[PDB]
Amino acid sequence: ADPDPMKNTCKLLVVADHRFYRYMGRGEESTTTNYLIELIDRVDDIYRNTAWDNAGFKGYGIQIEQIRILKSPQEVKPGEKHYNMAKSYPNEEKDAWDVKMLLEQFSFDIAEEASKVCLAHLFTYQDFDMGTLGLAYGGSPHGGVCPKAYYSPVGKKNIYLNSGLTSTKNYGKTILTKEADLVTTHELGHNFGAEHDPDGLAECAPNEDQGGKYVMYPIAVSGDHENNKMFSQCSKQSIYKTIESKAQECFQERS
């Protein structure tokens, strides 16, 4: 397979919710956007430099098309929910939403905009239970790159599963930027078709002395080991097949 430079970039709709704006953006558009621009660019370096077939099938990456900045909580009617509402759901007494329900709600609310982009990604600031940092569709044992309709019987409309989310809060504190970059890499990894690296394949889950785990390992990589910022051969095989199938459908030229 040969790369098409006219169809080698997955353009993103990046959404910063009110929690992200307040806690990460310090209530400023400049601070909020600079954080996301720099994070996406560092993630793009991991992707763009990856040779998916271990040869010349490289130069595939991600770029931001738009950053939506939600400065305040979404006003909701009684019984109505929205990913950007003030309260956490299902438990308002908790700092965070149930992560799966949040990804579902974001996908529902962002459906119209998501239909026009390769991927939509939510950046929030909430302490998900049991150390979870993000969630995404694709590479699950459907969804991922390029909007694919799913009729929601509950929602009564089509939603698109080209979505993921990252939280930069864990255990009551802001995560390191080196940690945040890896969360987003991991979530987009799922979007790109990669499943978790299994323990049973040494090639895909190396020991610490061997450079450590790759980004798709199910236990969040810290970023202090060499392999942490890279995709395993297992992830490359899965993503290679996805890119081959999906680039013509929704990838665009690098800006």
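Take the two forms, find the largest set of C-alpha atoms that superpose within 1.5 Å, and that set is the rigid core. Numbering starts at 1 and runs along the sequence shown.
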{"item": "Higher-deviation segment by CA RMS in 5 other deposited structures of this protein, core fitted, 13-21 or 237-245", "value": "237-245"}
{"item": "Greater Cα displacement in 5 other deposited structures of this protein once the core is superposed, comparing 27-35 with 217-225", "value": "217-225"}
{"item": "Test item: residue 140 lacks coordinates in at least a third of other entries", "value": "yes"}
{"item": "Interresidue gap class [residue 141, residue 142; deposited sequence, unmodelled]", "value": "4 to 9"}
{"item": "Stretch with the higher entry mean CA B-factor, where the candidates are 166-174 and 73-81", "value": "73-81"}
{"item": "Between 55-63 and 31-39 (mean CA B-factor, as deposited), the higher", "value": "55-63"}
{"item": "Identity of residue with top Cα B-factor, from 127, 179, 113, 92", "value": "92"}
{"item": "Options 154, 136, 99, 120 - largest CA temperature factor per the record", "value": "154"}
{"item": "Residue 219 by Cα B-factor - lowest, middle or highest third of the modelled chain", "value": "highest"}
{"item": "Chain third (lowest, middle, highest) by recorded CA B-factor, residue given as residue 105", "value": "middle"}
{"item": "Residue 191 - which third its CA temperature factor falls in, relative to the rest of the chain", "value": "lowest"}
{"item": "Where the record places residue 201 (Cα B-factor, split into thirds across the chain)", "value": "middle"}
{"item": "For residue 88, the third of its chain into which the C-alpha B factor falls", "value": "highest"}
